[PDB]
Amino acid sequence: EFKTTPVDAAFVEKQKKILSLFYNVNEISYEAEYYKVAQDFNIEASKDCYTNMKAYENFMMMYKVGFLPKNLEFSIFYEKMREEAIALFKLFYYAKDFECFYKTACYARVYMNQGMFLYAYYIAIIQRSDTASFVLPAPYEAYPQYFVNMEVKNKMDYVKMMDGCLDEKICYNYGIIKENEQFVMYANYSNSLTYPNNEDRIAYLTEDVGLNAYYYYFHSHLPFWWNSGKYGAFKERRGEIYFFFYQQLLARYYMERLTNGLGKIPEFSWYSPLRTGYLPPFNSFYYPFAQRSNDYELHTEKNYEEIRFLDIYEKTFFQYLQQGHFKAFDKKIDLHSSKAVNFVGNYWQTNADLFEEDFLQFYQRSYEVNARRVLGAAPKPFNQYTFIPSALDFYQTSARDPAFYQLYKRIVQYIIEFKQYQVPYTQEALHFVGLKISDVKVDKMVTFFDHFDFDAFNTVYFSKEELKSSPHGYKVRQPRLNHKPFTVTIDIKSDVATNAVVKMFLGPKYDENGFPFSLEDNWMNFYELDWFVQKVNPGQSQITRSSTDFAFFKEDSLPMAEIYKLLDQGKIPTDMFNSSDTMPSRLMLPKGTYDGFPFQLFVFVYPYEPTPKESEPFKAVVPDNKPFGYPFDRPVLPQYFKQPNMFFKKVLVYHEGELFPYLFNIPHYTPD
Amino acid sequence: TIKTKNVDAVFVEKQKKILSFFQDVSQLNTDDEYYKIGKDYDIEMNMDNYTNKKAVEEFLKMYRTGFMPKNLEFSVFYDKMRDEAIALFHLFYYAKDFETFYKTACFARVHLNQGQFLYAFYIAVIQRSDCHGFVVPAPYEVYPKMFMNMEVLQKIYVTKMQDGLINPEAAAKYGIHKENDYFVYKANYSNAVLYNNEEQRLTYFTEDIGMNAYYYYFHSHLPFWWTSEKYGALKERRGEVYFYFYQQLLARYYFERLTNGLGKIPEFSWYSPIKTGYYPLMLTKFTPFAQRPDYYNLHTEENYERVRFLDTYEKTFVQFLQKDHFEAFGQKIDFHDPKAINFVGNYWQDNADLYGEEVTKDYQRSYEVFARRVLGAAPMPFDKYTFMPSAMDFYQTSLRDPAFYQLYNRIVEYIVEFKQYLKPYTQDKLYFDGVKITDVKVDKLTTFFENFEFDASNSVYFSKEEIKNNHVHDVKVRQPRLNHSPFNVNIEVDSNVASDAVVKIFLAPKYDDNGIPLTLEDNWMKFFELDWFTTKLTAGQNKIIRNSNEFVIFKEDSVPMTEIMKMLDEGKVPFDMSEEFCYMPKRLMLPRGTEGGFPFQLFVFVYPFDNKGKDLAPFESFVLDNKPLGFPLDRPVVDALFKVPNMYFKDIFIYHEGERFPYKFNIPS
Ligand SMILES: *[C@@H]1O[C@H](CO)[C@@H](O[C@@H]2O[C@H](CO)[C@@H](O[C@@H]3O[C@H](CO[C@H]4O[C@H](CO[C@H]5O[C@H](CO)[C@@H](O)[C@H](O)[C@@H]5O)[C@@H](O)[C@H](O)[C@@H]4O)[C@@H](O)[C@H](O[C@H]4O[C@H](CO)[C@@H](O)[C@H](O)[C@@H]4O)[C@@H]3O)[C@H](O)[C@H]2NC(C)=O)[C@H](O)[C@H]1NC(C)=O
């Protein structure tokens, strides 16, 4: 009951090579294969490992100067850095074949900044079409310092310096135990000291490792600085998925807020104090992460120039809308087409497609980068290779900061302002003639917390001796949200014999007040649970769909220990290779309440139009003509949403066992 | 020991007529023939005597409506006043020949406001081709009230009211002495009575009479409101000239900051308070200059509409940056093109060339103007001719106000933003085949303060009696000013093949505030050009000696008019006043050192002098080169793609000798 895929022996060899660069990423083992291979890799004499001569020579130019030194923090949001990671990726991506890529990576694993190496390496593995099917470690196993609060990281460093536990009893009381000769450290989510306000209610979501990893995978599947020509016809839809990704994520987040009684995502101004502070429980080699207080004044001497830029970046968009048709980055933008939809997203992300070039150029300033800089609260960088980090400097920690959700809310509002220019769906575009949903039934929907382990060994240091055998076994254990399986049953009268699409969303039923949401105001608050095609036949029939089969959710990634165990059996975990960029399903449902929190499930059935065969960047691109998020991709006329083939069903989400995650990490106490 | 030049009969006569207009400037000598000419001079009747029929007629329409009254204070930053100045300028500028020009000035001296007249006349003498090579007095001799504090002014008034000294030994205690037939007044900088913040540390530079004269000349040489058609190939480089003047100045200013322990010019916001106040000790015949208190809220009620304009002006530029290529003001513009500096500079200046027109118009609001006005903290002008002056209403006073440096720093930074779109120079563009600088040595560099006197008589009103006997020149101001010893730069160069070469010398700081060595990457706009010249290299090894006294970019102290009247009787003219008048003064080349030797660096660059391709000699004898202003540091640098054998960075230290503080020169007993 963990999805398997069989896999042959040539595969095992290549997968083992790729996985091996992730062992002890923070130090160098002189007797690892990678070290020998890098010693033996003559880079000057290797023009013929590369499909692209320019990339090679471009790398050598920067190479001869020198790169970002080992041990410094890496972030693509600083330019000098970005130009280097991009050079590294071009090398990885234009390597003739696998041998070539492996020597290049070994070299980089040895001689280059570990952050930069891991960033380029992940992206290249996802992007190279000969590596497309290989599995990667979960990002929290590759960069545990981005996923572990200081408290836990310190406890582990402490256990290491002592070479183990003084005595068991002392240790157990501090949440430190041995299991099968490995160390396990119980971890709480952070308290009122890092989230000095109500946002702490939600720390179990915002600090969730799955949810942070998801954002990282999203970025690495199509990074802003890269064009999307690798993906064919998807190029003309890149901006669409940008909106969708953020609209869905914020919809997921607002639902968490509702169950924890927290109301709307706050709005703000660049010219005003921002309310919800955040003190990141992280440090880099030199600096504690930058802290932002409650009521932090965004508008100060240090951010004035940035704020001017941000301000006119948004107001330009207003000017576009005001005008309908306008000259923008080559063509005339007409707001009534869908070349408009694409433009809108590329505009807000300042991605490579906006400029219709291959890679983001050195002088093109991004809206999102400057926003993160203002909101990150950090002091200005010490030099081009040394910045003071904040949660917003990385996709791995971004979702920990309340400001992150506020910033994307603002962008999503802006896009929704443009979406006011889109013609709404008519009766005839949504009516499925000859078919009616007569009823929807759902099993009990139940959430709970349960423990979850990962190996954090990459954040622990090891002697020359211990390294000779790839040492690990430093596990973090944490209560994480989860739900039970449940089945949706859909009942249908049908005249016709066609293939059909069934979509299901979850959205709010009541606002923070107690009033029924009205669709005109709530369509942006629905997130997709599922999509699939079904043969329908006339009469009454019924489709059953288990939550374990929902399209947009995955199983927890396996740890590397387990990946290797499986490899020795010719086995690969499906969800880790066929769909890493997908939301973990443990977070499928907001945390419920013991009585049951009211949400609603929208079930929509429409005719299926045979759409060709692609191989797009994400799981969110289903083989359909339909816009992403359809029929909730755009403003609603409510009288058109009483279609026989639509059905809004009230459902309560329960919760069972302890309502608070800390109750799982108390020494002489066991929960429920 | 003042660089001379010889001169003929016709020259001296004209030059005397020209200098006649700068003495006793605020009064009229009934008996002087300039007056007899002036009173009766008929413009209508003389229409055939001007190159431009419509300029005469335009002037005439305005003159009947009415020009600004006399004694009222003149500033070009106000519509009506400026319009009258331009109408007057045109008339001077389109006079057929000298006689006509001379007479038109006579009329204008007699009939029109003093400041308006001198403003227009000064510019006219600089712009008229038949006038090229003539000499004008120093701005400080013409407008003395603007180059000195109240205390001094008032001592001058008191002495004049008493017709001398009631008690010479008492007057002595106040720094007032009779030296033969002169009254000499010692003057402190303002910090000697006012230390209302750390900016007052810099008064020996910001209040310096030469520096302030320097800005005035720069304005006059090519005022913002006029096209540069006259200067030919500089028309296509005007924005570049505007950026570079300001870039060089702020580097120079910054140097002064570093040596008094002050660091970066602070950023500001039209929507927030601005830190440092400005409390001017200048008087105007009619009013005090306006103060800005510390923490002054730039966004108060009177300023709402002003700030909306200024914020939009800026935001429109930020829009340009965001879209790379665009159409504005009738021009397709590409920010990838280095030539785009021309537009960038022209836009920030709202000059006539921005619009491809000869003169700017009222509806074309300037950013500089309204920025000046808001930061000047004045109340609303009472009407078209009655305003409360602040330092920034005049070119002769601007450098006094720390806010001025904040305002142009901001402008320069936006141009630097544009400059980020330019690709950095590669090795090949900079590398000088077979040429290597092997050593550089420099004589000791010492700064020091030294007394300087200027004729301040125009600040004073003489009696009918005194005007007739010509007793109009007995008031001098003595003041300690910055200076430095002359120094040689010894450069040793190697080259395979003999070749014609260009040598450039720059000054830049060694460390930031934290004491980390400067990367070129962050700091290429903090380099200040000292000199360029050409030499001929030979096969083998070369020794190049260059003295500070011969740097092309700086001038000598100008001579007082009285001393020029003396020279004209001998057929001599002060060379640096004729053709180098708008250069920075030599004595201000170096920032004030420290007793220990403050750390700086010399950058020497040697490159091939191919031929004379693109060649500036109409405006400035500055750029006889195809090369950007401030080449090779006119754009971003990558340290490792940049350094080549024909470059040398030498560490140097600037020392200071003698009295540290100007006021120690002004003590009695
Ligand atoms: C205390 O405060 C007050 C208030 O501010 C000050 O009062 C002002 O004083 C000045 C004097 O310094 C006055 O200006 C003068 O006004 C005269 C007349 O003004 C009008 O008439 C002009 C002439 O035309 C007339 O023609 C016929 C007559 O046959 C009539 O049909 C018609 O009504 C006209 O009145 C008009 O052209 C003009 O538009 C006025 O409405 C002027 O004669 C005089 O002009 C001379 O001076 C100018 C100086 O620059 C010069 O340009 C001209 O060539 C001309 O020779 C002069 O300007 C103000 O009128 C007066 N203001 C008010 C509101 O009353 C006062 O000075 C101050 N006192 C002290 C001690 O400080």
# chains A, B, ... in the order shown; residues from 1 in each chain; ligands from 1
call {"tool": "residues_near_ligand", "arguments": {"ligand": "ligand 1", "cutoff": "6 Å", "atoms": "only C-alpha atoms and all ligand atoms", "output": "list in words"}}
result
residues 66, 67, 68 and 69 of chain B
call {"tool": "write_last_selection", "arguments": {"atoms": "C-alpha atoms", "output": "PDB file, in the first residue's frame"}}
result
ATOM      1  CA  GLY B  66       6.035  95.698 -18.240  1.00  0.00           C
ATOM      2  CA  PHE B  67       9.214  94.071 -17.054  1.00  0.00           C
ATOM      3  CA  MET B  68      10.039  93.139 -13.454  1.00  0.00           C
ATOM      4  CA  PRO B  69      10.697  96.365 -11.388  1.00  0.00           C
TER       5      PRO B  69
END
call {"tool": "residues_around", "arguments": {"residues": "residue A:194", "least_positions_apart": "6", "cutoff": "10 Å", "atoms": "only C-alpha atoms", "output": "PyMOL selection string"}}
result
chain A and resi 200+203+277-281+291-293
call {"tool": "interface_residues", "arguments": {"of": "chain B", "to": "chain A", "cutoff": "8 Å", "atoms": "only C-alpha atoms", "output": "list in words"}}
result
residues 267, 268, 269, 315, 318, 319, 322, 323, 420, 421 and 640 of chain B
call {"tool": "atom_distance", "arguments": {"atom1": "atom CA of residue B:127", "atom2": "atom CA of residue B:82"}}
result
17.5 Å
call {"tool": "atom_distance", "arguments": {"atom1": "atom CA of residue A:591", "atom2": "atom CA of residue A:218"}}
result
23.6 Å
call {"tool": "residues_around", "arguments": {"residues": "residue A:453", "least_positions_apart": "4", "cutoff": "10 Å", "atoms": "only C-alpha atoms", "output": "list in words"}}
result
residues 184, 185, 186, 474, 475, 476, 477, 478, 479, 480, 558 and 559 of chain A
call {"tool": "atom_distance", "arguments": {"atom1": "atom CA of residue A:419", "atom2": "atom CA of residue A:634"}}
result
6.2 Å
call {"tool": "select_by_dssp", "arguments": {"residues": "stretch 207-417 of chain B", "states": "strand (DSSP E or B)", "output": "PyMOL selection string"}}
result
chain B and resi 226+273-274+278+283-284+287-288+292+296-297+325-328+331-334+359+383+386
call {"tool": "residues_around", "arguments": {"residues": "stretch 389-400 of chain A", "least_positions_apart": "6", "cutoff": "8 Å", "atoms": "only C-alpha atoms", "output": "number ranges by chain"}}
result
A: 73, 75, 77, 139, 146-147, 203, 206-207, 211-213, 215-216, 219, 280, 283-284, 287-291, 372-373, 375-378
call {"tool": "closest_residue", "arguments": {"among": "B:158, B:584, B:641, B:411", "to": "residue B:174", "atoms": "only C-alpha atoms"}}
result
B:158
call {"tool": "residues_around", "arguments": {"residues": "residue A:542", "least_positions_apart": "4", "cutoff": "8 Å", "atoms": "only C-alpha atoms", "output": "list in words"}}
result
residues 489, 490, 491 and 492 of chain A
call {"tool": "residues_around", "arguments": {"residues": "residue A:256", "least_positions_apart": "5", "cutoff": "10 Å", "atoms": "only C-alpha atoms", "output": "PyMOL selection string"}}
result
chain A and resi 201-202+205-206+250-251+261-263+589-592
call {"tool": "residues_around", "arguments": {"residues": "residue A:143", "least_positions_apart": "5", "cutoff": "12 Å", "atoms": "only C-alpha atoms", "output": "PyMOL selection string"}}
result
chain A and resi 22-26+73-74+114-119+122+137-138+148+209+212-213+216+394-397+454-460
